[PDB]
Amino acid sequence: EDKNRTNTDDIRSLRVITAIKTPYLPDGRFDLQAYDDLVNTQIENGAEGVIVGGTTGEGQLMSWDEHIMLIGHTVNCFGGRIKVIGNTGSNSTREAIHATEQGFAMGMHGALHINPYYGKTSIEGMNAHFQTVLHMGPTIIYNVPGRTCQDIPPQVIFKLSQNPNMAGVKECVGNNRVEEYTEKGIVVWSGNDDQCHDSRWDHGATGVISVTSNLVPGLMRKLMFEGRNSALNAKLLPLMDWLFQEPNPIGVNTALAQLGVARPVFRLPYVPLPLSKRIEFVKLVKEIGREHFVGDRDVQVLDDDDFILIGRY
């Protein structure tokens, strides 16, 4: 219980957690060299944790053997330099139990657990689901009703918070929901890049589980550590708007290809933003400055035929 306590507190103290993009080879297999370069770039620019195969990491498109491999690989290669949080959540309790116990057995520092999506359940069912995995180790509960189509209500979060393994909540409902939890001492990470500044400084959020940190990790570190900076927050808004004009991770996948740090390979059902938006992206990089974005290569527009779409991989 003393080790469990320290383990949970080591997650609660994290302010910058990157929902890391999973890059691919031309045949659709994981590009582990590109992935390792992405994680090293996050560490060098002050990311304190990584979600492995989150929504941004396309965990939804992995086989369990790929997903478990990427968790174990990240622990083995980077576990001493960053906290590794496996997205071992599922709409199936059986899948969540097996994936979470395997992830913890291979040394991941915490688990991200969404409520069941598509196959939505009752409040009693939601509690039953979370109770099967909460005992296994430090857990972040993920409320994203725009994707799950089911709000995790405060009554569920308050009951789960009775368990010392509940590290906190990745909250997407907004700053009023954030404040309801943080005023009661529950740790909250904003899941909304365009709200995380106000969440952090005005509503008691500990930090952010970020998509945008994939592109500008240094600026997101600054936003979470160095106090209110409404000017920097305003300067990042056009980039955050561009990143979410189509569902995540279409934007981050397109951007990382343009910056030359991931191959222009998409696993279906994702397809890149079209030419006009890629031209907009080069303009956004020029306005902020290329030096703030990951990678060293000059940003490219890329041609339509540079992109590879993989269904069977």
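One rule holds for the numbers: they count along the sequence shown, beginning at 1.
The mean Cα B-factor in the deposited entry runs higher for 280-288 than for the other of 251-259 and 280-288.
Of the two segments, 69-77 and 175-183, the one listed with the higher mean B-factor is 175-183 (C-alpha atoms only). Based on the entry's C-alpha B-factors, the most elevated value among 188, 231, 141, 96 belongs to 231. When the CA B factors of the chain's modelled residues are split into thirds, the value for residue 32 lands in the middle one.
For residue 274, the recorded CA B-factor ranks within the highest third of the chain. Only modelled residues enter the ranking.
In this PDB entry, residue 109 carries a Cα temperature factor that places it within the lowest third of its chain's modelled residues. Annotation for residue 59: CA B-factor lies in the lowest third of the chain's modelled residues. When all modelled residues of the chain are sorted by CA temperature factor, residue 147 is found within the middle third.
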